[PDB]
Amino acid sequence: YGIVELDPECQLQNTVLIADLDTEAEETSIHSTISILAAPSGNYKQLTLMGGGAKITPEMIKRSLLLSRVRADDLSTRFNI
Amino acid sequence: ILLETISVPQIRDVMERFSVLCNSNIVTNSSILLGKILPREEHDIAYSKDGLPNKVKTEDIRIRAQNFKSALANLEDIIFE
Amino acid sequence: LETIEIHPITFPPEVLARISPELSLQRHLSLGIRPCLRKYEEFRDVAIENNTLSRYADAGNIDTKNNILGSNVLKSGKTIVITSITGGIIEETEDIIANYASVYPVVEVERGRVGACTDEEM
Amino acid sequence: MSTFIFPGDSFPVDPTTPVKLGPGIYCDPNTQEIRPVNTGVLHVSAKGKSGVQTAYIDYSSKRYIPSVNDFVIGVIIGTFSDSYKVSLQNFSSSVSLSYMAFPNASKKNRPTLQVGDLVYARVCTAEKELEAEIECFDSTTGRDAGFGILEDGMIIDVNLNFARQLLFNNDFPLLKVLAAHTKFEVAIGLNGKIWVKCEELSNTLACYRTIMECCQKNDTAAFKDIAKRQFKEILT
Amino acid sequence: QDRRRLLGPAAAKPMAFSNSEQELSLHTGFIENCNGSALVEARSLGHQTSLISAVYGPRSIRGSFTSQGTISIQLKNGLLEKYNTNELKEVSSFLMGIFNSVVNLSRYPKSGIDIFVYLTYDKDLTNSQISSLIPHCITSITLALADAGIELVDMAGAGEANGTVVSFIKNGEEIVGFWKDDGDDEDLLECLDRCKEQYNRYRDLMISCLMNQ
Amino acid sequence: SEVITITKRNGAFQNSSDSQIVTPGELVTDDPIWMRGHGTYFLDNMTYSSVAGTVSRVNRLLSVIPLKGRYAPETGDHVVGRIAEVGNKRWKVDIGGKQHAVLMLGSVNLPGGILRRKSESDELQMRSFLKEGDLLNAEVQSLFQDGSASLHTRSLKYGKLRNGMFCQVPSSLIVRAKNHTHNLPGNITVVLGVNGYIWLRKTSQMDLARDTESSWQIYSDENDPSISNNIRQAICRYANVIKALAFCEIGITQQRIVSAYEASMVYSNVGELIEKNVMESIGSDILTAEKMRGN
Amino acid sequence: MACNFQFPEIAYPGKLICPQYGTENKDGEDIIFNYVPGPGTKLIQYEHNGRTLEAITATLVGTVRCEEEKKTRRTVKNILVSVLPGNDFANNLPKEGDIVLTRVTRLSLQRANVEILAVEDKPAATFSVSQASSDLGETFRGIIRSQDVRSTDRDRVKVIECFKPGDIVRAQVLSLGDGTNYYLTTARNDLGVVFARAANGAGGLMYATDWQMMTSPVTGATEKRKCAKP
Amino acid sequence: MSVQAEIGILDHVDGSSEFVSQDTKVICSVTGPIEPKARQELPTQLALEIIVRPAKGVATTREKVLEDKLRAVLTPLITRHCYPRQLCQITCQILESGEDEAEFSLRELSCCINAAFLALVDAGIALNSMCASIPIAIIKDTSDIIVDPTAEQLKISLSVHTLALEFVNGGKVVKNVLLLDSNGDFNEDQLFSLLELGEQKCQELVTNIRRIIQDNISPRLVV
Ligand SMILES: [Br-]
Ligand SMILES: [Br-]
Ligand SMILES: [Br-]
C-alpha cells in the first residue's frame, strides 16, 4: 500500500491510501509505503512501514491491515489449493 | 533506368508482370501449456464492505481512460495569477 | 495590480507519464483514479496455474525426465511470475526459530539486460 | 558551554524580521518555511545592521563546498582548451580556471602554469548545479590581488573550521606563535588548505608539524607550548 | 558458496531418480516490459516445447557511429531441459546471421535491437536435441520483431528434418540459413522439401497470428 | 601444390663508414661536448644507447637510429590514411604511427570549393564528407609537441580515394621523394604513401594531366561505373608484385614496380605470384638486373 | 491521398504492394504515377518468368496509405507508398529536423546534456514516447550547445540561466551526431523549457509567463529560463 | 538503553562514528558531497552509496538487504536537493554482531541506522531532521514487549522488530516513521502496543544522542 498527499495545484475539472502499487508513476513518486504478509487466520507475519513522504498515521496503518486481511482471504480461498 | 526514360508501354508491361507475379503467390492455435495464462488481459477487482472481491468491468476502465484524456486535454482550463 | 493569465501547456496521458510521473499521478488522483486506471483501493486480479510444470502433473503419466516437485504460473495485471521448486538431499549429523527450515530461491527479473544479479533480485 | 541547535528544530527568529540566511539554514522551496539543516552553534547578527540580520550555523565540517568570494588553494590537474582543470580537494568535483582569468591576459598568450602547480585564487562563480569557477586576478582592476602560483613550500590539510578561524580571526594565536620562532609566509584557503614556506626546510617542516598538532588538539591555550617543543625537537 | 545467490548447503546433493505432424500455438505482445514479444508452443510425439521471445529496441548505443542497426540474440536456459552454454551461443550466432538478412537495418542508425529467447519449458518425453528447437526460435523472433514494429524484408521461417535445419524466405525460393548435425548422406534434397513444407505452414500461422490477433 | 602449398617441419617450433651496432645500456661515447639526440640518454660525460640500432653522428648531434619502429611523420610527407573517428570539427585518421593524425575541418576542401559560402552546419555534417573507414591522400602540414601529425588536403592532388584497392608495406620500404603518385602501364596509378600505405587505382584524368560540377563529387563513395577487367587484373598483378618486393625487404620505387610487373608476365595466372619461391625470385631478378645495368 | 483500387488494403512483412511505376488514361491524356518507397516499405527486385522486376514491398504489419508529394511534354504525379501499424518510438526514430521532448540531465559551462523522451509526429499534435528506461541509460542522449540555445546573441549565453537540471526542453534535431549524443537546438519561439518545477523539482509548478521568465502561481517566486513562447 | 557512541574517530573520511548497544558494535564512515560516477549521477539530487560489511565472512545478499533498509531511513533524512549531481559514500562496518547472525539481523540494523546518522552529523551534511532506531522483540510464553533485547532473548522470541522514527522540535515531535520492520507472528493489538512503547524509548534515545553529539562537537566549534 501507498500514501500520498493530494496537491491542490494539480486538480482537474488531505492524504489518500493507495492499494497494490503498479506503474512507474506510483513506484517512483510514492515514498510512503506499507507492505504486509497477512495470514487468513487473522494474524500477521510481516509488516513493513516506510514513511519517506506523507506521514504514516495509525488510521493509514489500520486501513492497510484491514485490506491485507481481505486480500489474504481472497487469495487463499480462490484457487482451492 | 530512370523516370522519363521509361515510356507508357513499358509501364503497362511492368504493371502486367507484377499482376502475374502477385497472382502467382496465392487449425486453431489452442493452448498447450502457457497459452491460457500468459496472454490473459488485465482484470481489476474491488473489495466491498463484505470483504468479497468484485469484478471491475473492462469497458468501465476503457471509459475511465477516455474520460481522463478529455479531462486532461480540453479541461485544462486557464491559470490566473 | 498586475493581473496576468497563463495558458497551461497540456500533454497526452502517455507523454505526461513519461515527462513527469509525479504530475501524472496527481492528475489522476484528482479524478479519483490512478495512472493504472484503477481506483484508490482497487487491487489487480490474480490468475494462477499450479503443478503444471511439475513431474507430478499427471498422476497417470508421471514424467521421467523432469525434476520439478512443484510449480506455479501466476499473472497479476500485466506482470507474469513463473515459479518452479526442485529438491536435493543432504546427510544430517517448541516454536523457536531454530526448529524451522526454508527454501533457497533464485529470482530473475527479465528486463532485457545481461550481467550480474541486480540488487532487486538479490 | 554554547547554544547548540539540531536539524528539524524550531527556528528562533520570527518571520516578521527580515533575515539573510547563511550556512546551515535552509529555506524549503515547497513549504516556504525556514529550518536548520546543520548541527552546531546558531549565530544571529545584531539588529541595526542596515535593517538586515544575518543568521547562520557554525557546524563542524572538512568537505569544502565552493562559495562565491572565497580565497582557496587549488592544484592544477589538467589543461583544457580555454581553462585549467583544478582540484580544490581530493575526490571533489573539479573547478575551472580560465586562461583569461589572469593579469595581463591575452588570447594569443596562455599562462605558463603547468599541471601540479599550486594556485591561490578566488571563487568567482559557484552555481550549485554547475562546475564552479575560480580566478587569479581582480576582475575590475586587472591586477593580481596576491593571487597566482605558490612556488615550493609545503601544503597542509586542515578542517574548514580551523582554516576559517586562521583567515578571519585575528585573536587566533597560531600565526603569532609561529612568528615568534621563525620567519615564514603563509597562504590560507577556505577549502581547508594551508601553504607554508620558509627559507630553510627544517623551519617549514617545524611549522607543518605545529599546524598539524594544533589543528588536532584545538586547544588555543596550548599553541605556544606545542611550537616550543616542535622547534626544539628539530634542533636535536 | 555464491555471495550473490542463495544456493543452499554445500553438502547437499541434487535428487537423482531411478528407473497431425505438429501442433502449434502462437501469441504476441503480452510483455509490456519490452517493445515486442512472442509465445510459441509446439506439441508433437514425445516432445513438447514452450519458448518465449522478447525484443528490446531500437535503443541507444553509445559507441562510435553506425549507419545501420546492430542485432544481438541471446538464448537462455529454462526451468526443465538445460543445454550447454556453447550450444546456446552457437544457435545465437546462427540466428544472428539469419535476421541480419531479414531485418531492415538501414532504418535504425546508431541503434541496438536486443532479442531475447527464453527456452522456458522444453519437455523430453521419450520416456543434439537443440536442432528441433531452432525452427521454433526463428518463428518466435520473427513474431516478436513484427510485433515490435521492426521492419522485415520477409517473414522468415524454417523447418527441421533428420538433424537438418534450413530457414527460408521469399516463398521458399531462397535460403537465409542452413544447419546440419548428424543425419545421413546425400539426403539434402529430401530435407529441403520437408523443411520448406514446415516453413510454409509456420509462415501461414504466423501471418494469421499477426493479422487476426 | 595444385590446390594448396603446405610447407612442413618436425621437432621444431620454427625454422632455425662502418655502421656501429649498439644495444640498450651500451656506452657510446664519453665526450660531454656532444648533443644527445633520439635513441640515447646520458649521465655527466657518459652517453648511453636506449635502443638497438646504429650510432648516428650529424654535426655535433649524437643519436642512435633504431633498427625497428613505427612510421615517424615528418612535416610535408605525402601519406595515405584511413579515417578512424570523427568529432567536433576534426577527423582522426589512421596513418600507421604511434598516434592517430588529426585533420581539422578547416584543413580540407569543402565541396563546391571557392564558390561555396561558409556554413555553420558543416561542423555538424562532417560525416557527409569524411566518415569512418574512408581512405584519402593527405600531406603532413604540421607536427605536435609529442610528434603527432596534423594533416591537410587543401589541394586537388589530395582527397578521398576510390576506383581501386588498398595494400600496405612496411614504411621502411618507402622513402621520401619529389612525388609519390605515379602512372604505370595498364592504365593504373599508384599512390605510394611514405607511411607504407599504398593505393592502386585506375588512372584518372588528373593522373594524366599531372605529366601533361566535379568539385561537388570529391567525397562520393561511388566508383567509376566503367572499369574494365583488364584494369582490375592489372591492379591485382601490381598488388602481388608490390607484396613480393616487400617480402624480400626491397625498397619500393616506381621503377622497381613497373620492372617487376613486366617481369611477372612470365607467369600466366596472376595467383602464381603469391607463392614464396615466385616472390623471392622476382625480387632477386630485380636486384641482379640493377647489378648488370648499373656496372 | 487515395491509393488505386488495385492496391492491397492490409499488409504483412513481405507482401507485394505495387510496381515502381503506374499509369492511367484520363481526359485523353496519360498520367504517370511515380511510386516512392516510404516508411514501412522497400523496393525489392524479384525474378519471375525469366525477367527481373522491382516492386514495392511492405516491411511492417499494418495498413497501406498513399499520398501525393512534390518539391514534347509529359505530366508525372509522385505518390508516396507507406505502411502504418494498425506508442512505437521505433518507426519514428529522431532524424534531422524532427522536434523532440527532452529532459536536462547535466549542465556544463558550454553545453547542456539531455535525454530524448519523446519525438513529435507530423499532423493538437501527436507524440511517440520512448519506452526505454532513463535509469539504465537506455534512452538516446543529446546535446544542446550554448550557441544553439537562442537565435539572438549566441555569443554571450549563460547556460545556468537558460536551463536547469530536470527541465523538460522541447528541441529540434540538427544532426544525428555520434552514437553517444544527438545534436539539438532551441533557437525558435516554440522551443525551450516547457515543463519545470522550482528549485530543480523541490518546489512547486512553474508556468511560462514570460518567454525568458518562469513563475509559480502559488509561491510567486520566479526563475530565469529559456522558455517556449506562450 | 545504555548505549555508547563516539564521533570523529577516522582521519581519511569526512565523517565517522562508532555506535555500541550491548554487544552490537558498528563503526560507520561518511564521505561527501563528492564527485559521483556517471552511473551514480542524479541530475537534481544527491546520490547515496550505501555499503554494509558483516562481522564475519564477506558481504552476501543478507547485507544487501541491510543496505536497502538503511537506504529507506537515510534517504528522506538528508536534504538531497542541496547537492545535485553529487555523491555521498556511506560505509558501515559491523564489528560485532551481538546476536546470532544465522538467525537475526535486528540489532545490527538498528545500530547501523544510529551510527550512519551520527556519521552524517559528523560529516556536516544537510539533514531535514533527527533520527533514532531501536530493536524490539516479543518473547514466547510471557509475550512481553522487550525493548533492546539481548541475544538470549531473541532465541526465545516470537517476533522481532526494527523501529526508526523521524524526530523534530528538539526531539519531541515524531515527524514520521522512517522504518518499521516487523517479522514473525503478531496481532494488531501487539503492533500498536509495540509502537507506543517503541516511540517512548526512541524519544529517550534521541535525547541521549543529542547529548552525545553536543558533547563531542562543541569543543571543535568556537564561542
Ligand atoms: Br545459502
Ligand atoms: Br605518431
Ligand atoms: Br529564439
Residue hits (the range F:77-105; within 15 Å of ligand 2 (Cβ to nearest atom) and either outside any strand (DSSP E or B) or farther than 24 Å from F:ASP134 by Cβ (or both)) are F:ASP77, F:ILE95, F:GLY96, F:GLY97, F:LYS98, F:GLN99, F:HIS100
Filtering strands (runs of 3 or more DSSP E) wholly in the range C:44-122 for at least 2 residues that are out of contact with any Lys or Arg (no Cβ under 9 Å at 6 or more places or on another chain) gives C:70-76, C:79-85
When every residue in the range D:120-138 that is in a strand (DSSP E or B) and among the aliphatic types (A, V, I, L, M) is compared, the one nearest to D:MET154 (Cα to Cα) is D:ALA121
Review point. Residue check: is G:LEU205 away from ligand 1 (no atom under 16 Å from the Cβ) and more than 27 Å from the chain's Cα centre (by Cα)?
Key: yes
If we keep only residues of the range G:1-57 that are of a type in the set (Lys, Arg) and within 14 Å of chain E (Cβ to nearest Cβ), then the residue farthest from G:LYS70 (Cα to Cα) is G:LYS15
When C:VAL107 is run through (1) at the interface with chain E (Cβ under 9 Å from one of its Cβ atoms); (2) within 15 Å of the chain's Cα centre (by Cα); (3) among the aliphatic types (A, V, I, L, M), the failure sits at (1)
Flagged in the range D:165-200 as outside any helix (DSSP H, G or I), of a type outside the set (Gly, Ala, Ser) and within 14 Å of chain H (Cβ to nearest Cβ), in numbering order, are D:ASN169, D:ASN170, D:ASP171, D:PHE172, D:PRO173, D:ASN191
Notebook entry, point to check: Just wondering, is there one or more residues in the range G:152-167 that are buried (at least 18 other Cβ atoms within 10 Å of the Cβ), away from chain D (no Cβ under 14 Å) and under 27 Å from C:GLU22 (Cβ atoms)?
Noted result: no
Those residues of the range E:1-18 that are more than 7 Å from chain C (Cβ to nearest Cβ), within 12 Å of ligand 1 (Cβ to nearest atom), within 33 Å of the chain's Cα centre (by Cα) and aliphatic (A, V, I, L, M) come to a total of 0
The condition of being aromatic (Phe, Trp, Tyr), more than 30 Å from A:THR23 (Cα to Cα), more than 16 Å from ligand 2 (Cβ to nearest atom) and buried (at least 16 other Cβ atoms within 10 Å of the Cβ) holds, among E:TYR83, E:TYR56, only for E:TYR83
*If you check H:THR31 against the conditions, is it within 14 Å of chain G (Cβ to nearest Cβ) and touching a helix residue (DSSP H, G or I) at 6+ places or on another chain (Cβ under 8 Å)?*
no
Within the range F:26-64, the count of residues that are more than 26 Å from the chain's Cα centre (by Cα), among the polar types (S, T, N, Q) and either surrounded by 13 or more Cβ atoms within 10 Å (Cβ to Cβ) or within 21 Å of F:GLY147 (Cβ to Cβ) (or both) comes to 5
Tell me, please, whether a residue that is under 26 Å from G:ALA199 (Cα atoms), of a type in the set (S, T, N, Q), surrounded by fewer than 21 Cβ atoms within 10 Å (Cβ to Cβ) and in contact with a strand residue (DSSP E or B) (Cβ under 8 Å, 6 or more places away or on another chain) can be found in the range H:32-43. yes
Matching residues in the range H:186-198 (more than 11 Å from every other protein chain (Cβ to nearest Cβ) and either aliphatic (A, V, I, L, M) or surrounded by 17 or more Cβ atoms within 10 Å (Cβ to Cβ) (or both)) number 2
Subset of the range F:249-268, residues under 17 Å from the mean Cα position of the chain (by Cα) and surrounded by fewer than 18 Cβ atoms within 10 Å (Cβ to Cβ), comes to F:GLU249, F:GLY251, F:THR253, F:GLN254, F:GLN255
Residue hits (the range C:11-37; of a type in the set (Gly, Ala, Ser), farther than 16 Å from G:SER134 by Cα and outside any helix (DSSP H, G or I)) are C:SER30, C:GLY32
With the first residue restricted to the range H:196-223 and required to be over 19 Å from H:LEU120 (Cα atoms), and the second required to be of a type in the set (D, E, K, R), Cβ contacts under 8 Å at 6 or more apart or on different chains are H:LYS201/H:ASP148; H:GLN203/H:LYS172; H:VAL222/D:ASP58
Of the conditions (1) under 30 Å from F:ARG127 (Cα atoms); (2) basic (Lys, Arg); (3) part of a strand (DSSP E or B), the single one that E:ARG62 does not satisfy is (3)
Expected single match for at the interface with chain H (Cβ under 10 Å from one of its Cβ atoms) and farther than 23 Å from G:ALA221 by Cα among D:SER98, D:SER60, D:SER45, D:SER81 is D:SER60
Among (1) farther than 20 Å from E:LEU80 by Cα; (2) surrounded by 16 or more Cβ atoms within 10 Å (Cβ to Cβ), C:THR79 falls short only on (2)
Screening F:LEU110, F:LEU130 for residues that are more than 16 Å from ligand 2 (Cβ to nearest atom) and surrounded by fewer than 19 Cβ atoms within 10 Å (Cβ to Cβ) leaves only F:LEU110
Considering residues that are in a loop (DSSP other than H, G, I, E, B) and away from ligand 3 (no atom under 12 Å from the Cβ), the number found within the range G:168-205 is 12
Filter result for G:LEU117 (more than 16 Å from ligand 2 (Cβ to nearest atom), within 14 Å of the chain's Cα centre (by Cα), within 14 Å of chain H (Cβ to nearest Cβ) and assigned to a strand (DSSP E or B)) = yes
Scanning the range H:6-50 for residues that are of a type in the set (A, V, I, L, M, F, W, C) and farther than 25 Å from D:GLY192 by Cβ gives H:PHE19, H:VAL20, H:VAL26, H:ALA38, H:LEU42, H:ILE50
* Meets criteria (in contact with a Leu (Cβ under 8 Å, 6 or more places away or on another chain) and not in a helix (DSSP H, G or I)) for E:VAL166 -> yes
Checked the range G:78-92 for anything part of a loop (DSSP other than H, G, I, E, B) and among the aliphatic types (A, V, I, L, M); matches are G:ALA90
Pairs returned, first residue in the range A:20-32 that is facing chain C (nearest Cβ under 7 Å), second residue that is of a type in the set (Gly, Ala, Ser) and in a helix (DSSP H, G or I), beta-carbon separation under 6 angstrom, 6 or more apart or interchain, are A:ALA25/C:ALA17; A:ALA25/C:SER24
Expected single match for of a type in the set (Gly, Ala, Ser), more than 30 Å from D:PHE162 (Cβ to Cβ) and touching a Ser or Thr at 6+ places or on another chain (Cβ under 7 Å) among H:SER157, H:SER182 is H:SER182
Of the residues in the range E:154-203, those that are within 11 Å of chain G (Cβ to nearest Cβ), on the phi < 0 side of the Ramachandran plot and surrounded by fewer than 18 Cβ atoms within 10 Å (Cβ to Cβ) come to E:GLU173, E:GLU174
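Every read-out reported here was derived from the displayed coordinates using simple, explicitly stated rules and does not represent laboratory data. With ideal geometry, Cβ positions are generated from the backbone for all residues, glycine too; neighbour counts draw on all protein chains shown.
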